[PDB]
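Visitor:
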Amino acid sequence: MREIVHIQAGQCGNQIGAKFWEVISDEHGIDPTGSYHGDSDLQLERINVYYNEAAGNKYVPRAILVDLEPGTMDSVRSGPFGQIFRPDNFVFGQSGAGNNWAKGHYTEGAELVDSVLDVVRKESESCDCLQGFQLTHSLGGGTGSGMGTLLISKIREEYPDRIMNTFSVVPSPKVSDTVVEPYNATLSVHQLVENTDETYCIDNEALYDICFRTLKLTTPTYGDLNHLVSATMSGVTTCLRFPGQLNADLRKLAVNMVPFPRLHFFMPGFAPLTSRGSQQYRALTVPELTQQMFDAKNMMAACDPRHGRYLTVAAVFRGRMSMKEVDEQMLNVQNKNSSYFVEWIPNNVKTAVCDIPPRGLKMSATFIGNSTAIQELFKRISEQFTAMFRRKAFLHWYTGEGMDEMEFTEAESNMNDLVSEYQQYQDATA
Amino acid sequence: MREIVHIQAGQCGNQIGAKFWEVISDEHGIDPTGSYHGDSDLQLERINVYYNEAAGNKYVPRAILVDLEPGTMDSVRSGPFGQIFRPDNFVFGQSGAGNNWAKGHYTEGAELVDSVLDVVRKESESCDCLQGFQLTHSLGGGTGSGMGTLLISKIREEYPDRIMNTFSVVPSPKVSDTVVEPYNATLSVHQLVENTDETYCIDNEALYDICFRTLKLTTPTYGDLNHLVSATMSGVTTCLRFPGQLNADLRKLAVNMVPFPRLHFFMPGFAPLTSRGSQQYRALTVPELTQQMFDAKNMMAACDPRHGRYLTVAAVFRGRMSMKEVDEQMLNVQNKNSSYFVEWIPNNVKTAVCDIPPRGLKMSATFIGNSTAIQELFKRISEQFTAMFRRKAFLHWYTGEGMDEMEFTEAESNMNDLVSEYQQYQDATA
Amino acid sequence: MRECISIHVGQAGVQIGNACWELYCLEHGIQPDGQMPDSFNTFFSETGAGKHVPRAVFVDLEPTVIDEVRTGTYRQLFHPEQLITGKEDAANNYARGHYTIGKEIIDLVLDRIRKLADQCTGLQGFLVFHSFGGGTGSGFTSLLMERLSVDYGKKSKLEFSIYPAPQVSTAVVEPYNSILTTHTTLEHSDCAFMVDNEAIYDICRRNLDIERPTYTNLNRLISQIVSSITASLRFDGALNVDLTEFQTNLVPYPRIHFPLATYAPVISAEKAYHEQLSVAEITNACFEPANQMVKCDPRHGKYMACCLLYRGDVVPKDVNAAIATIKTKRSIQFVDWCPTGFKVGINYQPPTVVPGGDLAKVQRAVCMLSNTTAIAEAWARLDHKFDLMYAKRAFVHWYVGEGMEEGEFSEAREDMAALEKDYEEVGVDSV
Amino acid sequence: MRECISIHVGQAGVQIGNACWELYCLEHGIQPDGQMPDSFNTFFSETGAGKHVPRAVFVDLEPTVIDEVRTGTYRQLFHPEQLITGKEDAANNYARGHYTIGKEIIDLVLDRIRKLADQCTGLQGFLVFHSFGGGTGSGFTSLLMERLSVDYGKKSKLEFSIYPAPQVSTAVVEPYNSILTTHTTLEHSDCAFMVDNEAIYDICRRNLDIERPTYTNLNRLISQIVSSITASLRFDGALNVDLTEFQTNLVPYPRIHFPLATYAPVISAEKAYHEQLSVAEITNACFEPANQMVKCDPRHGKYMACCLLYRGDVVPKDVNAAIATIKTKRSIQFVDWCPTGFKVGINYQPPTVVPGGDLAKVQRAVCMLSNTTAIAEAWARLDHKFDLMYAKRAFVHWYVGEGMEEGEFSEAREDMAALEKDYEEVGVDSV
Ligand SMILES: Nc1nc2c(ncn2[C@@H]2O[C@H](COP(=O)(O)OP(=O)(O)OP(=O)(O)O)[C@@H](O)[C@H]2O)c(=O)[nH]1
Ligand SMILES: Nc1nc2c(ncn2[C@@H]2O[C@H](COP(=O)(O)OP(=O)(O)OP(=O)(O)O)[C@@H](O)[C@H]2O)c(=O)[nH]1
Ligand SMILES: Nc1nc2c(ncn2[C@@H]2O[C@H](COP(=O)(O)OP(=O)(O)O)[C@@H](O)[C@H]2O)c(=O)[nH]1
Ligand SMILES: Nc1nc2c(ncn2[C@@H]2O[C@H](COP(=O)(O)OP(=O)(O)O)[C@@H](O)[C@H]2O)c(=O)[nH]1
Ligand SMILES: [Mg+2]
Ligand SMILES: [Mg+2]
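Residue numbers (the deposited numbering), protein chains in the order written: chain B, 1 to 430; chain D, 1 to 430; chain A, 1 to 37, 47 to 440; chain C, 1 to 37, 47 to 440.
#1: For ligand 6, which residues count as neighbours when the test is a C-beta closer than 7 Å to any heavy atom?
#2: Nearest-angstrom Cα distance between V113 (chain D) and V91 (chain D)?
#3: Say yes only if the C-beta of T178 (chain D) is nearer than 7 Å to one or more non-hydrogen atoms of ligand 4, and no if none qualify.
#4: Name, please, each residue of chain A whose Cβ falls closer than 9 Å to the Cβ of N247 (chain B).
#5: Ignore the nearest five residues each way along the sequence and tell me which others in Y432 (chain A)'s own chain have a CB closer than 8 Å to its CB.
#6: Please tell me whether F202 (chain A) and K164 (chain A) are closer than 8 Å, where the distance is taken between their beta carbons.
#7: Less than 8 Å between the CB atoms is what I'm expecting for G131 (chain A) and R243 (chain A), so what's the real figure, rounded?
#8: Can you determine whether any heavy atom of ligand 4 sits closer than 7 Å to the C-beta of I345 (chain B), and answer yes or no?
#9: Tell me the DSSP secondary structure of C316 (chain C) in three-state form.
#10: Is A352 (chain D) buried or exposed, if buried means 16 or more other CB atoms sit within 10 Å of its CB?
#11: Rounded C-beta distance between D205 (chain C) and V344 (chain C)? I'm assuming under 8 Å.
#12: Under 8 Å between C-beta atoms, does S232 (chain A) make it to chain B?
#13: Is it the case that the Cβ atoms of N52 (chain D) and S126 (chain D) are separated by a distance below 8 Å?
#14: To the nearest angstrom, how far is it from the Cα of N329 (chain C) to the Cα of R373 (chain C)?
#15: Which of the residues in the stretch 227-246 of chain B, read from start to end, lie with their CB under 9 Å from any CB of chain A?
#16: Kindly identify the DSSP beta-bridge partner or partners of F395 (chain A).
#17: Give the range of the alpha helix (DSSP H) segment to which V9 (chain C) is assigned.
#18: Starting from the C-beta of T94 (chain C), find all residues in its chain whose C-beta is less than 7 Å away, skip the five residues before and the five after it, and write them out in chain order.
#19: Measure from the C-beta of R84 (chain A) to each C-beta in chain B and report whether the shortest distance is under 8 Å.
The structure is reproduced here in structure tokens:
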């Protein structure tokens with residue numbers, strides 16, 4: 001009941017999904033053999049959400065992996081959890097997008113999308129009541145931002161009543177790993193605005209800042225960042241898999257967090273982030289978690305929260321703690337920081353509590369913020385896009401795959417309209 | 001000859017009737033088994049007044065218990081004298097009036113009334129000369145005020161030549177037990193005035209004072225309060241059940257105590273009330289009893305006798321005592337307190353003497369006063385009725401069961417007219 | 001002989017009902033297995058030989074809470090067909106919990122209710138537990154209330170709704186849900202008691218000396234209040250009361266049926282030994298301004314009708330004296346048009362101590378149900394929140410996309426304004 | 001599944017490939033007997058049992074150089090049919106290498122290329138090693154590029170041409186050949202890296218402290234660069250890259266596809282002990298003006314796109330911090346219209362150490378491919394040298410005697426002038 005199908009697209013998507021399934025299997029006590037070996041039946045009470053039962057007590061993730069190059073698939077297969085995935089789910093092309101969004105949405109993605117959709121239907125119709133889709137992709141790359149966008153459009157066409165969640169990595173402001181990143185980001189968001197129902201923005205610069213300043217790490221590899229993102233996703237989805245005093249749902253979060261259809265970009269956060277050295281010094285308590293969640297520097301998005309009032313804020317606590325302390329902390333946050341919330345929303349905090357904390361932690365909270373500060377990221381992307389597009393830099397690659405200037409102009413206009421709407425709602429008063 | 005049936009209506013009615021039958025059985029020496037075990041032969045001389053002989057010398061009271069809820073009946077059925085009553089007499093409903101007079105008089109009472117009247121006729125034919133009907137009543141409630149009034153109208157139609165006596169508990173002045181007590185009281189007295197023949201108004205507030213001020217009780221339960229009322233009821237009819245130097249009768253009481261048809265509300269009183277600690281310090285004598293009966297604080301009604309001249313007063317003494325001493329005391333009372341009696345009545349005191357005192361007492365008396373001071377009690381009810389009626393509070397409950405504003409306006413007219421009559425004779429001069 | 005039915009809708013309703021049934025089983029001596037090693050007939054049907062079954066229907070669109078109940082310590086108590094679960098939760102969407110999904114479960118719920126009603130006689134009325142904030146507990150409650158009023162017009166319905174706290178809130182669409190459910194249910198319910206989470210938290214901290222109270226203690230307090238309300242139907246005692254008596258006494262006008270529950274003797278064990286807990290002290294505690302179960306200032310509004318449900322060894326003379334002393338208070342201002350302020354109910358059975366509860370054993374206990382006009386402040390506050398959020402059609406497209414028109418919002422707003430105007434009018438003195 | 005084909009044309013191209021393949025065999029472990037004592050599937054066909062054969066084609070009009078290969082230590086490795094030889098060198102004459110002799114041999118070469126293409130699956134692209142100054146490296150490569158574009162239009166072509174040195178010269182007709190081939194190859198090759206002999210000489214003498222460099226050391230440096238480019242294919246690592254990604258990131262405009270090459274950690278063993286060789290230090294070296302492998306001043310022109318291909322134990326956080334410092338330098342001038350100009354690629358496999366090479370083992374290594382406007386000076390210099398010789402019509406008769414037309418020389422000059430104009434236009438900043 002209420003099953004979720006997980007889709008991984010792009011190199012970054014697959015890298016995140018590997019750690020995501022690792023941590024999920026850790027929560028439910030599923031060994032890399034694919035057989036349950038845990039010690040709490042509550043894990044199996046709702047294992048149907050992410051897994052399908054098989055012969056000999058075998059369980060397999062309800063995951064679908066998509067790529068245009070076999071390198072990432074081969075790397076995943078050699079991984080510790082490669083065997084639990086059903087090999088029929090591995091769908092991969094040969095040409096590769098090569099960071100070209102047009103190639104990843106019109107030339108290579110078009111040929112491959114049929115198999116992905118067939119596997120999607122096979123997984124979905126095998127469930128009694130589908131809850132929603134979750135997609136892990138990257139905006140910067142080609143394969144990610146093209147194939148994931150096309151797949152989201154197809155699925156929205158096929159499943160209008162369901163909800164699609166994308167944990168998309170946004171380009172970092174100062175550090176950029178690709179030259180066509182603004183083009184890819186704008187082209188992808190042009191459809192992500194109109195198709196998806198809830199999108200979580202992740203910036204690698206903020207993840208590096210969290211790893212270094214807070215976690216006190218010296219050599220943070222992509223494993224740690226992917227682990228943080230996976231922990232965020234697990235905190236988001238934990239309401240379905242376990243009982244709690246206030247059990248939420250994906251649709252519940254969508255209703256509580258999205259005031260208007262086009263404003264569904266969030267900035268997630270994880271509360272108990274402490275280094276190994278400072279484990280003893282900090283007292284683990286609800287006020288401590290609340291203080292960490294609302295920290296300006298503790299947002300996985302590159303935006304500055306102080307530059308814009310939040311519309312709504314959802315905090316999903318985990319573990320056993322008193323509700324009184326939670327609501328008192330939320331009231332204190334809304335009192336002290338009353339200048340950082342919209343006056344036309346009376347109460348801004350959505351609270352969910354679950355009785356199963358993350359493995360190895362007494363208690364934890366997952367932050368979700370619909371802040372207006374993301375207009376800064378959007379306008380930065382738009383400015384980079386305009387700067388590149390004024391002289392038509394790199395446009396011949398896109399036009400060589402059938403694209404045209406009209407689509408670029410339309411996407412830029414849509415992004416500008418989204419920025420204008422965000423600024424308007426940030427400005428307007430009661 | 002001269003048999004009296006007993007009817008209990010409402011929760012308060014049944015609670016009072018239980019103790020009434022307990023004290024009657026104690027007087028006649030009848031164990032809860034229903035078998036005679038007393039010593040005095042005179043007890044069985046007139047046992048047919050309240051009882052019917054049966055096989056095996058078993059005696060059962062000529063009592064009928066009516067209710068709209070089974071809660072009170074179960075307590076009575078499980079009480080000390082539950083097996084005394086014949087099970088067929090326990091007529092009860094299911095829905096319950098719920099303090100709604102219309103519900104207890106028009107909807108719930110309409111169904112159950114026919115069964116009760118069938119039992120009434122069945123009990124009446126068992127006798128040869130029916131003396132009159134006796135009803136224990138509560139004005140405040142819905143079942144008592146609603147069903148009890150309806151039952152009175154039916155019986156009066158069936159037996160126009162027989163007397164009906166109601167011992168109705170009148171709402172207290174300060175302490176109120178139900179919000180709609182003024183509504184039920186006014187509606188009930190609208191019919192009790194034109195139907196009943198002798199009514200003994202009793203207020204819980206006055207009973208509490210007697211238990212505290214006189215009996216020096218610290219925890220007066222409802223069992224003790226009902227005992228005082230029960231002793232009064234026994235005293236009234238003791239002239240029928242026993243011989244005496246000057247024997248009265250129920251019909252002989254109505255003639256003396258009712259100057260005019262509209263004026264039959266009485267304030268009963270009990271003479272020998274003394275606390276346990278003061279038993280040895282007070283001399284039991286006729287002047288001692290007479291002083292207590294005319295004591296202002298000794299009236300079981302909340303009214304103040306000093307505020308109104310008596311119309312007629314009947315004192316029913318019990319036990320062996322000289323008629324000379326009794327007559328002299330009454331002359332002194334009418335002489336010393338002549339300002340408290342109407343000048344247009346040459347002689348106000350009716351005296352009844354019975355040879356057998358109550359259980360355990362050397363001698364005792366029962367006071368029954370027809371005082372115009374009760375006008376103050378009625379105008380208080382009218383005042384409470386008017387305030388709640390101008391804003392039509394709680395009227396939707398009564399109108400929902402078939403009542404109308406016409407009934408309420410008619411009821412207040414009857415009450416105000418009755419108050420005018422009392423004030424008329426109070427101001428009347430020879 | 002006098003049957004009553006309890007219906008728990010939504011997560012809050014289900015958990016409160018679980019606590020209440022635990023309290024009932026402890027009170028009547030019924031083991032969780034259902035075989036106790047009359048009084049029980051008012052709530053439990055003695056189906057089979059030596060087994061009793063509660064007359065309850067648990068409904069929730071999200072199967073999580075009911076599934077937890079099934080695996081809980083009270084597994085073998087409830088009838089398996091009495092627990093009804095949906096597939097997808099209302100997700101705080103009133104339209105989903107009323108139109109889209111409630112239509113798929115209302116038929117089964119009504120079938121179960123009809124089976125229970127045909128299995129009993131002398132049905133007193135219905136008890137419904139739900140939250141004004143969530144989606145299920147609002148939309149499904151309104152749908153069920155409409156259906157029951159259609160099919161059981163002669164019966165009485167009683168609700169225990171979790172009214173949203175003034176400064177504390179959990180769902181962003183709580184004003185929307187509350188306004189919609191009040192508009193839809195104001196014409197069907199006979200009397201709906203309300204409590205606030207913030208007020209109960211304040212009571213727990215101030216009186217119980219508890220600094221980290223969870224939902225368990227709040228639900229236990231609510232269960233104690235419900236048990237005090239229903240005591241007269243389950244135990245004999247002087248001056249018994251019934252639900253119809255509640256409806257008659259506490260509802261001056263058809264649309265003013267929003268009383269506030271209150272439990273007077275709420276003390277901890279460490280503080281019990283220093284207090285006599287006399288009847289007068291208990292009654293004075295029941296009227297303490299900072300002791301209401303709803304975060305409203307009683308001194309800011311006139312009382313209209315307060316019903317007192319005493320328990321344990323209580324002498325009626327003490328009740329009368331305490332009532333007189335309360336009436337002598339100038340601060341406690343009753344409406345001048347209701348001279349008989351109080352409805353008094355007494356019962357012999359004292360309260361029972363929960364084995365794990367934070368409440369100490371008390372020889373006496375009362376519950377106060379007061380229909381006061383101070384609730385207009387809370388109504389105005391929620392109305393203002395609704396007006397602010399709806400002023401720019403925020404969080405509206407969700408309701409629109411689930412088969413609901415915009416004009417229903419305006420109609421509900423107008424109805425709530427009319428209710429506030431009626432409360433203000435009633436407040437006006439009489440000349 | 002991602003096979004890539006390398007074609008070596010001309011003496012310089014063949015010799016570079018000879019060192020290049022010596023590097024690949026050492027990397028994967030492939031013995032000279034081609035018997036491995047997966048990853049290698051991207052370059053070597055698993056022909057037979059227990060043997061691997063590289064996907065390479067060697068073509069040279071003069072049979073001398075290839076004859077040395079057949080007599081070399083790598084005789085048994087290559088497929089004997091894959092080594093195609095003529096019978097007369099182009100003699101530095103572009104016409105002979107493209108019109109007269111190139112026609113006789115091109116048909117056989119295309120047969121071999123088609124044979125490999127059918128054998129392989131998921132073909133990535135072509136690697137061509139050739140020289141601008143020579144005739145065989147210029148005339149034949151232009152002919153080969155023209156053919157492949159028609160037959161394999163959907164695949165990318167990558168060249169590694171020996172750009173003529175500014176001061177050092179070997180053939181007197183180097184300006185003629187370079188202009189002719191660039192005009193004929195500008196419309197075919199997707200992206201061609203260029204390296205100068207003179208610049209490598211300075212790097213070899215200064216960093217490596219080599220008194221008397223030879224072509225063996227020079228070609229080994231080139232092998233390290235091409236190894237880094239194909240590293241993301243032959244090995245798996247964080248943030249992998251593909252050849253198609255190179256075309257997208259490094260080619261803003263179709264006619265500007267001439268990026269430089271640079272290898273940062275080039276130090277001797279005697280100096281490796283003292284150097285820290287940190288990620289920040291390595292990245293600083295990659296942008297050193299004297300460390301570019303083309304004799305041009307990077308400071309005399311804007312950067313347009315730079316791709317970094319890290320190798321070894323490199324933490325991406327270190328790359329991000331190092332990149333930020335580079336962008337903050339005032340001297341390092343990027344074009345304003347390109348805000349982000351870095352395409353970062355990382356791999357886990359560190360560089361291997363050639364047994365006879367002068368490079369010491371390094372835990373980390375990067376290769377910088379930068380598309381910069383500095384080459385405008387280089388293009389002008391060769392263009393100027395072309396103009397001086399053609400003004401006297403010197404050496405023209407040799408080309409005319411092999412089917413050329415005099416007007417073709419003007420057209421190549423005209424197109425080359427247009428290319429210089431295009432570089433200047435792009436170098437202008439916006440308004
Ligand atoms: N007092 C008390 N309140 C509770 C409890 N559980 C939930 N609530 C209240 O219920 C409100 C949310 O409504 P829910 O009942 O959870 O929502 P629902 O009826 O299940 O409908 P959905 O939104 O679809 O889940 C919260 O604001 C809480 O205040 C509880 O155990 N005790
Ligand atoms: N880096 C490097 N450059 C070389 C090497 N060998 C030759 N060159 C340069 O490449 C240029 C072209 O010479 P060739 O490759 O022999 O010319 P070709 O392609 O063989 O054509 P022919 O003149 O017919 O031999 C020469 O001027 C050399 O400077 C080498 O091994 N390494
Ligand atoms: N957090 C995280 N981000 C990654 C990882 N790998 C790649 N990325 C991001 O993904 C982007 C590269 O896009 P990519 O998916 O490889 O291109 P594509 O294959 O054509 O979709 C870069 O901007 C990286 O920031 C990873 O392991 N973790
Ligand atoms: N003296 C006395 N009065 C009672 C007793 N029980 C109830 N009453 C009175 O009866 C009133 C309640 O009305 P009730 O008869 O219970 O309502 P009903 O059942 O609908 O008729 C209260 O005002 C009480 O004062 C009792 O045991 N003794
Ligand atoms: Mg729910
Ligand atoms: Mg040669």
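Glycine included, each C-beta is placed from N, C-alpha and C at the ideal position.
Guide: In short, the structure shows the following:
#1: C:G10, C:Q11, C:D69, C:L70, C:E71, C:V74, C:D98, C:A99, C:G143, C:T145
#2: 10 Å
#3: yes
#4: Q11, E71, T73, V74, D98
#5: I265, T382, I384, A385, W388
#6: no
#7: Their Cβ separation, rounded to whole angstroms, is 14 Å, which puts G131 (chain A) and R243 (chain A) out of contact at 8 Å.
#8: no
#9: strand
#10: buried
#11: At roughly 23 Å, the Cβ-Cβ gap does not stay under 8 Å, so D205 (chain C) and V344 (chain C) are not in contact.
#12: no
#13: yes
#14: 16 Å
#15: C239, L240, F242, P243, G244, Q245, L246
#16: BP columns for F395 (chain A) are empty, so no partner.
#17: No alpha helix (DSSP H) contains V9 (chain C), which is instead part of the beta strand (DSSP E) from 5-9.
#18: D69, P72, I75
#19: no
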